[PDB]
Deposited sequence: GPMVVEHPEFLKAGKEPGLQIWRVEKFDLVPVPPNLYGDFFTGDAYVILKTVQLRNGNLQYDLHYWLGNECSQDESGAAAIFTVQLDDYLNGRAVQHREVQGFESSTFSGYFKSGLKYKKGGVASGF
């Protein structure tokens, strides 16, 4: 459980969080599709038939605390959804077509990111 867990998967749509110093922080919706190469993200796609696909996205320059937190948060959100979510690891530049398909404008990357929690 967690404030952002409470919000997760309630309506069809796309929810994107960024790992920020060992926490799961919602990404400003105006930035959806633009991923900081130095950061890691958790993405929940909800479809109404509710089916859940969880993706964790790892930037090429993200730190071990961020990629590790992203993987753990993914497990924990899956558990919160009673394990019904399918988990997907997404590596910068090698993302699944499904993941790229979530973004009308395609995937784009930006230099930098939030600092490591280490």
property	result
Sequence ranges without modelled C-alpha atoms (deposited numbering)	1-5, 55-58
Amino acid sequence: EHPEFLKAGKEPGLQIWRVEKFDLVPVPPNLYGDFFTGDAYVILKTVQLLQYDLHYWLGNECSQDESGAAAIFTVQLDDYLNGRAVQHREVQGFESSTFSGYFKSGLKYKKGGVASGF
From here on, numbers count along this sequence of modelled residues.
| query | finding |
| --- | --- |
| Of 77-85 and 55-63, the one with larger mean CA B-factor | 77-85 |
| Residue, from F103, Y109, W17, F22, that the PDB entry assigns the highest Cα B-factor | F103 |
| CA B-factor placement of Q48, once the chain's modelled residues are sorted into thirds | highest |
| Modelled-residue ranking by C-alpha temperature factor, third containing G68 | lowest |
